[PDB]
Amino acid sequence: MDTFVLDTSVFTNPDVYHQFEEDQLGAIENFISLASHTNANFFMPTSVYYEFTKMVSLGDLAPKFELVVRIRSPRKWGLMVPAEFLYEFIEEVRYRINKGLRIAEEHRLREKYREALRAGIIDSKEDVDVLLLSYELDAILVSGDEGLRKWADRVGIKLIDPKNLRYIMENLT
């Protein structure tokens, strides 16, 4: 059985969700439908699912989604990880925090600095939840975020072109 960890970008980036349907809620509905007939496991971190529910009005599709996708918190599960990954992660957060500062520079600036760095911290956390969950399960990471795909590849994690999730699932009935 193939296991897949899904990012929010899967259902919020039209270049990805158009393979299911051009309509966003219909794309998700089609994903849910196909998943229930696919010989595969699907996981999404809890932080990422919280973001997904905050940005898309799922309505009745939420409890349907909760029948096909395992929503898990890799932090609350207490994983062990090689010390080299812990320092790779810190470099990734450092770099993300510096991006947040260059962003605040392009925009007193107190108000702009606090919000740019808070977003960069939250981005870092959700990314690590996605990479830890993939690592723990030895799963295929599916993401429309090229930056997270490069990060997953630096640490050996398996990927697909997220534009081929539907094609892959259909060849896994």
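In case it trips you up, residue 1 is the first one in the sequence shown, and so on.
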query = Counting only residues from the deposited sequence, how many are left out of the model between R114 and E115 (none, 1 to 3, 4 to 9, 10 or more)?
reply = none
remark   = When mean C-alpha B-factors in the record are compared for 68 to 76 and 97 to 105, the larger belongs to 97 to 105
remark   = Comparing mean C-alpha B factor in the record for 59 to 67 and 26 to 34, the higher one is 59 to 67
query = Taking the entry's C-alpha B-factors for this chain, is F52 in the lowest, middle or highest third?
reply = highest
request  = Check where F89 lands among this chain's C-alpha B-factors and tell me if it's the lowest, middle or highest third.
outcome  = lowest
remark   = In terms of its chain's C-alpha B-factors, the third that includes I168 is the lowest
task = Can you work out whether the C-alpha temperature factor of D161 puts it in the lowest, middle or highest third of the chain?
result = middle
